Structure formats: structure tokens, C-alpha cells
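Here is the structure we will look at.
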Amino acid sequence: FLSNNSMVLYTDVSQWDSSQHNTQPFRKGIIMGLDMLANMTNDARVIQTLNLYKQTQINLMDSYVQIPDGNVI
Amino acid sequence: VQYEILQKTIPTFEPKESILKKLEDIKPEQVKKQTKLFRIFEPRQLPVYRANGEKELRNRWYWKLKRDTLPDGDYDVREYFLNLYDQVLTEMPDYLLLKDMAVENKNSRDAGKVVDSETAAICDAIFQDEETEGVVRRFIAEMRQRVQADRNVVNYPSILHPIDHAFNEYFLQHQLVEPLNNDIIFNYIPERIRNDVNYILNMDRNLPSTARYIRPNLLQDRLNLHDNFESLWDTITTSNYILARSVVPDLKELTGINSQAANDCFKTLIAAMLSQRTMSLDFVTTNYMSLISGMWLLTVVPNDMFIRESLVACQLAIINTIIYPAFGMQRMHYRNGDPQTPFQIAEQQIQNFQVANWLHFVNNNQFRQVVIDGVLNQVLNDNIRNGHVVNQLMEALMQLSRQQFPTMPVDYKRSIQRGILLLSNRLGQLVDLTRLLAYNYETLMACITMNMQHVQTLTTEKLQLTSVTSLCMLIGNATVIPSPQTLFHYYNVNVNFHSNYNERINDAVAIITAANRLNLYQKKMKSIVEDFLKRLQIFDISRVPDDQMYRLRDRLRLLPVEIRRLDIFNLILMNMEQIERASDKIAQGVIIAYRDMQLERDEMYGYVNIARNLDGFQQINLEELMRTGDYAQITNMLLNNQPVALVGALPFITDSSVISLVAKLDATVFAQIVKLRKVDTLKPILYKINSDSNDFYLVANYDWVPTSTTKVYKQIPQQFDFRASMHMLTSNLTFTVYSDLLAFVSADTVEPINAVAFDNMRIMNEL
Amino acid sequence: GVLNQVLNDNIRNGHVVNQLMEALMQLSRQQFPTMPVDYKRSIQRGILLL
Amino acid sequence: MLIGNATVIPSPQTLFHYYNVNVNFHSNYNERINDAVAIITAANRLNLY
């Protein structure tokens, strides 16, 4: 799809891990999708697995990081 | 051991999240049982002042409102009455027994009971007053509870205002409970299931006539959601489809001839045909058996039940690799958007009785829309139900096996002929399968209340023909019939959803027809519809737009209101003005006659500046002036001292002085209106004068009737008649109310080998 | 004393769009005979949107 | 596809702004025309070539 009619925008996004758009909305979007999918099935192990994946996203929404430095952490 | 801490104020992005349920988890309803009797008025001692203004040695009881909270401005007053109507509907009971709320009168002759705690409080207070006649004490001694147990009826005394009596009496005479007997336990179940001899039913109870039951409102779709609400229809359709998948039994005992797809197809077909959800096909052309079982599929399932391009591809493939190459024809020259599917054109191109009659049947296979027992039904041909269609199919395949392929090689013959023999060696099993699907489908159709419309959906379910082949190739001499618990569960669930649907429709219709019969013009009829969808706990209300809500409103306007809500609203219509004439915080207008008019004598005030007829002077509406600020009229009329009236809800203050009368203050209030145009800082004065006014010696000695400009248009309280305000509320005595109605019925199935279909003939018999 | 470019007075009130949507509903209710089906259902529903 | 239930009209302050601006533009236009015309005509009547 290259010619003198079109263009291409290419972009490095490797620093976009601490960004403000990969926090809360991302997790809550996936959580919402899991709610829809949970209401789109009737068996119970599947609902458990999906609810666990959801809860994983809940717990990962607030996350701390061990790093020592000498004596204190 | 040691730690360090850092934090970071992350923003808090909150979606709306649209809290959902599924149909099996929708709880039915919670009945409103009544609390205290919903009073709006109560008595109260006030002083009284004889004509000439001075005071008695006696007091008097007047009706006054509970909770004077009414606003300023007619729009906010009509909001108040809408909220009041909401309160009544929130308090409207389904059933109520008076004995639960009754209490004992401490002053009755026969040591009897009465209806409510506040009634007895009032009775005791009026009994202990010094300045009450003996006749009301006699009355209090005679008022007691009466019972007639031959009819299971009670009559209790009450003391409450006639509007209050109207509301409570409407609740009594229109409480929706009906006598319950075992015939009704039966007749709540569908006819077709009772007339089906593959289920046996009993119960272990003999209910009395003292039992009761609430009847659901299973009226059909007033809104026609199949007509141009296709998103909601796809949602509802999927949300019933999934419920249908929950109740189909799991099945009992060469590419992809596994289990788990037989179940998938058996579940998918039935749930689609019950939900009326279209389904699309995916199939790899290297597998010809997929097509050969899709033949059977397209026969026994209609074609308008599928989405067009899927069966177009399947039929086109089937033609161009089984039929036209066998009789030695061209492949085809088929257009993408040809208005005929390939079987239709092939119905007429061939010359062979078996295949042509087959294709005729297939092309003209379609549902039959018939209204039975109130509900619509998509009934099959009555040649599909009794499995005979497979005989047409197998005759066609036998008359294809006997053909040579003049155009195509012998290996291809071997593949095709081998496949169709794999399906021809399953004649009995396929006939039995078709009978079984038809039976389970109709039997589950019987446990439906909402009519089942035929309109294609936005979205499909992927059906794999490999799964169809799995079904057709893995079945024998073991029958699955739905367990009665699944049937009763499915029926109660459809009932609960349907009754929720109708009752919430009735809610929204009531509020809408109220709001259009009250000129609530700034109000936006969106949140009501949002509430309507929120209480239906399956939709995504945060992502339905506004136009769809408003079209739903446009349909909702044209509907009749149910009887309860319409009657309550008629009461509120006829008595809203009377409720508003009370509430002595705000007055209903003000006259301005630049002339020294007289004050009227009353006996809860003394001399007041009150008007109650409004004849003569012309009236300005104030909401029209608040909407469209054009103060030229009021300003010109005020500057030039022209008499006028101002109609609209307005506060006031009660100036109980006398020196503020001769000083003529109540005309001073209007000179601000020219400086600041906003008529909101407007509070007339009400000149109540009596023996409790610090300067009444003037009115006593000098013998002057008081006179004042700028009277107020207002009505007085209504005197409290203890005799005439007493009423007798009638009701039943000691019934019981049951909700989960199918708990008294125990149910079981015949042995699955010993089943039987509509034709009175054993299904799953051919070997 | 100023020239002005005014409208047809069925636009100053919104009434002509009723005729537009009646026409568009008719186009929705019609097939597109030569056309394929996915692009057809998509156009019909896109018209019914407006 | 994104509209409903919000009437927006010009504030009177905005109307007065937009009228004063159009007035000023028109008045400036005619006045500079008159000045330019007068100076041109005076250059052609006083034989300034």
C-alpha cells in the first residue's frame, strides 16, 4: 500500500509501560470484557477461571516492587 | 528488618460498568407488604379566635399536612407531585393483612383494636383533652374491630383524611391476589406438557381456599422490539439463546467423528431455533461429508433460519460437486448477489422426480407462525416432526449412487459414493434423530411466555458442519428427554423475565403519561428509560445511545396505563390542587388592588389579608414570565398602580404585628422588581391579627375593622370532624401468599426407551 | 439595507428531513439486486441508523 | 450521530461583539475609501502627475 497517494506513520512505543494509558483503563477494559464473557457462558469452572483472571487484573492494578539498596528496601 | 515507602497519586478512571445478570440468576420480585397506612394529613390543636379577633377559653383541632416540604414555583410543585406518585407506587402493596398493623385501643368500650398506631395515639390524645365534647369520647368507646369469619373478612376502624381513605381503599379493593387451588397449580403449567404422556406429575398437598397466589402479567410485547430495535433484539436473543443452552441435556453414548461436537450441534440448533437466532456456517471444502450432512441440516431446518451467504456457499458447493457433475452438466455460472439461492434454480433445471421433489420441499421448507395459548409458535411442517424427510433424502442419495459420473474420475466416485453410503447406513438413526430434535424442540417451546419472532439478527453463531457430521454419525438407541426440573426452571425464568418486562413497561408508561399530563417541560425523558433498562439486568445501559431511548419513549407514549397506576393518577389529578391549597409555608398567589380593602375574619387566625375567590382582578401567570422574561407588563402595571393578580406558588412570612398594618408594608415588597427583575426574591406579608399580637388594644378600644391593600389568594384549613373522618376499612382475614408455585409439584419422566411422540409411536426405535 | 441569503422556510423549521427519512426508509426496505449481501445488509442498517 | 438535547444560541455579549466588529470593519472601509478618494481626486485636480 505504498505509492504517491498513501503514507505510513510508524512509531516506537517501547517507553509506554509506565504511561498513563496502560494503567487503570486497560485493566478495567479487560475486566469488563471478562464480565461480558462470564455472562456469555453457563458452566462453572469456566466462570471460576475467568473470575480468577479478572481478580488477577484487580490485584495487579495496585502493585509494589521489592528493590534492596544496602540495608533498607 | 527494614523498609522504605513511596507513593504516586494515580488518577481514578471510573467507567459506568452497567451491572448485569443472566436469566437463571434474575430473582423474581419482592412483594410490597404495607407498613403504616400512608397518611398525608394529621390533626393538630391550634388556637381559635372569635369574631372581633380576640381569643376563646377553648382550642380546636385542624387538619394539617405531614412534612410541609413543598417548593417555590409551579414546576417544582409538579415535580413534588410526581415524586409523591413515585412514593405511592413504591408503597403500592400487592397484598396486605390488617391484623399485622393493628393495635389495641386503650379507651374502647369492648377493649377492642384499631388499625394503626397513630390512630390510637390521636384517640388517646383527644380522649385526654379537657375541651372535647363527650360525644367523641363515646365515639372512641364504640369504635372497635369487627370480624365475620364465615367469609374470612374483618372490618377495622380508621381515622384519616378522605384523600388518604381513597388511596388506602384503592389498595384494599384492588390488591392482586386470587384464590389458589390445585387446579390452578396445574393450569399454570402449559397445556402441551400436561397432555404429553412422557412426563408424570403429582403433588403431596391439598391447599385450602385460604391460600393465595399472585398472577403474573404475561401480556405480550407492546413495544415490537423485533421492529427496528435490532441491537436490543440481538441482545435479548443471545440472552435467551444462552439460557436455552443451559437446559438442553448433555448427550449419552472420518475427519472429526468425535463427541463434544454432537453435543455442540444438538445444543446449538435447538437453542438457535428457540431463540430465533440466525447462524452462519464455516466448513472446509476438502471435507465432503460436511456438505453431505449439511444436506440433511438444510432439509430439516429451514433456510430463512440461516443467514444468506452461508447457505448460498453451502448449496452452491453441494450443487457444483454432487449433483450437476453426476448428471453430466455444467458446474454453474452463479452471481454473488443472485436473487435465487442455488437450490431454487436447481429445482427446475433437473429432470428427476426424487431430487426435484426434495428440492421443492427444501426451498419451501419454512416455519408456521401459529398463535397457541396466547403465545406465538414457530411450528414445523408436520412432515419434519415425524421423521420422513430422511426418506426423500436417502432416495435422492440412492438415485445418485446409481448414477455414473461421465465427466469426473472413478476415485471421486469412490469418495462421494463411500461418504453417502456412510450416511445411507444410518437411515434409522437419522430418522430417529430428527424425531428426537423435533420432540425436544417443541417440548422446550412449550415452556415459553414471550412470543418468538422471526427476524434475522445482527450476529450469528458459528456452526461447524464437522460437528453436524459428528452428530449424524454418533447416535443410537438412547434417548434424552428434558428433566422436569430444567423445564420448570426454564418456565419460571421466562415468566420472571416477562413479568419484569411488563411491569417495568407499566412503570415507565405511567411516569411518561404523568409527565405529559403535567407540563413538566424542562424534564428529559431519558433517565426513566435508563431506569427501565437498568431494572432489566441484562442490557448495557452505559452504551445504548439517546435516540434509541427516545424512540422507545415515542412508542411508550401511545400505550394504555395499567389499572392501578391510572386510578392512582386520577386520584392525584383531582386532589393535587387540594393538597397544594394546604401547606401554610407558601401561598397560591397574591392580589394587588391599590385600594384599602378589608380583612377577612377567620377562626384559626383572626383578621387576615386573605382572598379565596379571585373574582374581579386579572391574573398574571408567573411560570410564563419566568420562562420568557418580559417584565414590561408587570412593570407598567406596578408603576402606574394598576390592580393585578399574581398566580403561582410563592412563600410568605406571617407578620403577627399591628404597627406593620397602618405602615402599609405589604405594598413595599414590589419596588425591588424594577431594580432587580428576578421575581424569586418575592415574599408577601400575611397580616394575622388576634389577641396574641402585642398591640391588640387598638382594635379592642377604637372600634375599627382592620383594612389592608394587597390581599393573598389562599384557602383555609379544613376543620377536623372526628365523627365524619372515621371510616371502616374492610379486608380479608389470614390468608397466605405463595410465589414459587411449582414447588408443590413433583415430576418425573418415563423411561427414555419408552418415549412417544405426537403420532403415538415410539421415538428412537429404528435399528 | 443589507442583502441577505435566506433559506426556503421548510429548512428554518425541520420538516424536509421527514421526507428525507421516508425516502431513506424506502431505500432501506428495498433490495440491492446486483449487490452482494454483507455490504448490502451493512448499507441498509447504516441507512436505518439515520 | 452525536447530538441531542442541548440548545446553544449566541450569548448577547457575543452578538454585541460580532456586531461592533462588523460595524467597525464597514465603517473603516468606507472612511478609508473616502480619504483615499479625496487624496486621489485632489492629486488629479491639482495637476500632480
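Couple of notes before you dig in:
- Ellipsoid semi-axes in whole angstrom, largest first, where each is sqrt(5λ) of the Cα gyration tensor of the protein assembly as shown: 71, 48, 28
- DSSP bridge pairs, chain B: antiparallel proportion in percent, nearest 5: 75 percent
- Unit charges on C-beta of K, R, D, E only; dipole of the protein assembly as shown, Debye: 1160 debye
- Three semi-axes of the equivalent ellipsoid, chain C, Cα gyration tensor, whole Å, largest first: 35, 11, 9
- Within 10 Å of each Cβ in B:12-22, the average number of Cβ atoms from other chains: 3
- Helix axis angle, D:12-45 relative to chain D longest principal axis, alpha carbon, degrees: 10 degrees
- For region B:217-332, the square roots a ≥ b ≥ c of the C-alpha gyration tensor eigenvalues yield an a/c of 1.5 or more together with a/b not exceeding b/c, which makes the shape oblate.
- In sequence order, region B:675-684 has phi-based couplings of 5, 9, 7, 5, 8, 10, 7, 9, 9, x Hz under the Karplus curve 6.51 cos²θ - 1.76 cosθ + 1.60, θ = phi - 60°, and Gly or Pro positions carry x.
- Applying the Kirkwood pairwise sum to the alpha-carbon positions of region B:104-220 produces a hydrodynamic radius of 18.7 angstrom.
- Straight-line cross-link partners of B:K585 among the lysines, defined as a Cα under 17 Å from its Cα and at least 8 positions apart when in the same chain: B:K64, B:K66, B:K683, B:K688, B:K711, B:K714.
- Computed over chain B, the per-residue total of -39500 (n - 2.57) for DSSP H runs of n ≥ 4 gives a 222 nm mean residue ellipticity of -12000 deg cm²/dmol, rounded to 500.
- Whole-Å distance, taken between Cα centres, linking region B:246-262 and region A:40-72: 35 Å
- Cβ crowding within 10 Å, taken as a proxy for footprinting-reagent exposure, orders B:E104, B:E603 from fewest neighbours to most as B:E104, B:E603.
- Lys, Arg +1 and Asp, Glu -1 on Cβ, resulting dipole of chain B about Cα centre, debye, nearest 20: 800 debye
- Tail weight of P(r) past 23 Å, computed on alpha-carbon pairs of region B:382-489, percent: 49 percent
- Cα-Cα separations in chain B greater than 47 Å, expressed as whole percent: 47 percent
- In plain terms, the residue of B:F539, D:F25, B:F167 with the fewest other Cβ atoms within 10 Å comes first and the most crowded comes last, giving D:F25, B:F539, B:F167.
- Ordering B:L437, B:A510, B:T466 by Cα displacement along the dipole of chain B toward the positive end leaves B:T466 in first place; charges were set at the Cβ atoms of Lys, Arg (+1) and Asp, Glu (-1).
- Spread of Cα-to-Cα distances over 5 Å intervals beginning at zero, given as percent, for region B:326-409: 3, 11, 16, 18, 18, 13, 10, 5, 3, 2, 1, 0
- The distance between label points at A:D69 and B:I673 comes to 7.3 nm (points 7 Å beyond Cα on the Cα→Cβ vector).
- Taking every alpha-carbon pair within region B:9-103, the share separated by more than 24 Å comes to 62 percent.
- Cβ-to-Cβ counts within 10 Å put D:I9, B:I563, B:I592 in ascending order as D:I9, B:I563, B:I592, the fewest first.
- Taking the charge dipole of chain B about its Cα centre, with +1 at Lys and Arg Cβ atoms and -1 at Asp and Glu Cβ atoms, the residue from B:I685, B:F735, B:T255 reaching farthest to the positive side is B:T255.
- Listed residue (A:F26, B:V362, D:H17) projecting farthest to the positive dipole end of the protein assembly as shown, Cβ model: B:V362
- Shape of chain A, Cα gyration tensor, a/c cut at 1.5: oblate
- Note, ³J(HN,Hα) from phi for region B:551-564, Karplus 6.51, -1.76, 1.60, rounded to Hz, x at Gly and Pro: 5, 4, 4, 4, 6, 4, 4, 6, 7, x, 7, 5, 6, 4
Values quoted throughout were computed directly from the atomic coordinates according to the rules given, and no laboratory measurement underlies them. FYI the Cβ positions are ideal-geometry reconstructions off the backbone, even for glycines, and counts take in every protein chain you see.
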